[PDB]
Amino acid sequence: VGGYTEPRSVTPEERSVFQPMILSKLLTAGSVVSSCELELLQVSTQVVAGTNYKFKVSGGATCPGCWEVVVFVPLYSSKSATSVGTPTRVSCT
């Protein structure tokens, strides 16, 4: 118990919030170029003291490849901030 849900489709509001956070992280880590079209393929969630969102993301023509990236969203009543994890390269299959 306490593991991830099965992957699911990403909501419009989730794309709006998390896609630029994940792009910014991949860009600052030197993993993608600034022109990268990044797609959130799916998300799996784990409820802790807050929520872990595990994304599988795909790059477009200038950033081909897939990464797994975990984002932590804490509870409002917490001293902790929203944190993007370290991206890991994964197979798109």
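Side-chain atoms are counted along with the backbone in the values below, which use heavy atoms only and exclude waters and symmetry mates. One-based numbering along the sequence shown.
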| Who pairs with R15 by side-chain hydrogen bond (donor to acceptor under 3.5 Å, both in side chains), at least two apart in sequence or on another chain? | none

| Do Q19 and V57 come within less than 4.5 Å of each other through their side chains, counting heavy atoms only? | no

| Quick one: do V17 and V71 end up in the same hydrophobic cluster if we chain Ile, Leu, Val, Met, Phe, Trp and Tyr together by side-chain heavy atoms under 4.5 Å apart? | yes

| Any side-chain heavy-atom pair of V43 and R8 under 4.5 Å | yes

| field | Minimum heavy-atom distance between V33 and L27, given as atom pair plus value | value | C-CD1, 3.7 Å

| query | What heavy-atom pair brings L41 and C66 nearest, and what distance separates the two atoms? | reply | CD1-SG, 4.1 Å

| field | Sub-4.5 Å side-chain heavy-atom contact between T45 and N52 | value | no

| said: The criterion is side-chain hydrogen bond (donor to acceptor under 3.5 Å, both in side chains); which residues satisfy it with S35, sequence neighbours excluded? | reply: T62

| message | Checking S83 now: which residues fulfil side-chain hydrogen bond (donor to acceptor under 3.5 Å, both in side chains) with it, not counting sequence neighbours? | response | none

| said: Applying side chain to side chain contact (heavy atoms under 4.5 Å, CB included), can you list everything that pairs with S80, at least two apart in sequence or on another chain? | reply: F72, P74, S78

| note | Residues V69 and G85: closest non-hydrogen pair is CG1-O, 4.1 Å

| query | Should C63 and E37 count as side-chain neighbours, where that means a heavy-atom distance under 4.5 Å? | reply | no

| field | Exam field: side chain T28 to backbone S24, donor-acceptor pair closer than 3.5 Å | value | yes

| query | Rounded to the nearest 0.5 Å, what separation is found between the CD1 atom of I22 and the CZ atom of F55? | reply | 5.0 Å

| request: Identify the two heavy atoms, one from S44 and one from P7, that lie closest to each other, and give their separation to 0.1 Å. | output: OG-CA, 3.3 Å

| request: Mark yes or no for whether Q46, through its side chain, and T5, through its backbone, hold a donor-acceptor pair below 3.5 Å. | output: no

| Nearest 0.5 Å, what's the CE-OG1 distance between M21 and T82? | 5.5 Å

| query | Do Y53 and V70 have side-chain heavy atoms sitting under 4.5 Å apart? | reply | no

| task | Would you give the length of the straight line joining atom OG of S9 to atom CG of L40, rounded to the nearest 0.5 angstrom? | result | 11.5 Å

| field | Nearest non-hydrogen partners of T51 and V47, listed with the distance | value | OG1-CG2, 4.5 Å

| query | Tell me, which pairs form a salt bridge (charged side-chain N to carboxylate O under 4.0 Å, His left out) where one or both residues lie in residues 54-72, sequence neighbours left out? | reply | none

| query | Do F18 and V73 come close enough that some side-chain heavy atom pair is under 4.5 Å? | reply | yes

| query | With sequence neighbours excluded, what pairs up with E39 under the side-chain hydrogen bond (donor to acceptor under 3.5 Å, both in side chains) test? | reply | none

| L23 and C36, any side-chain heavy atoms less than 4.5 Å apart | yes

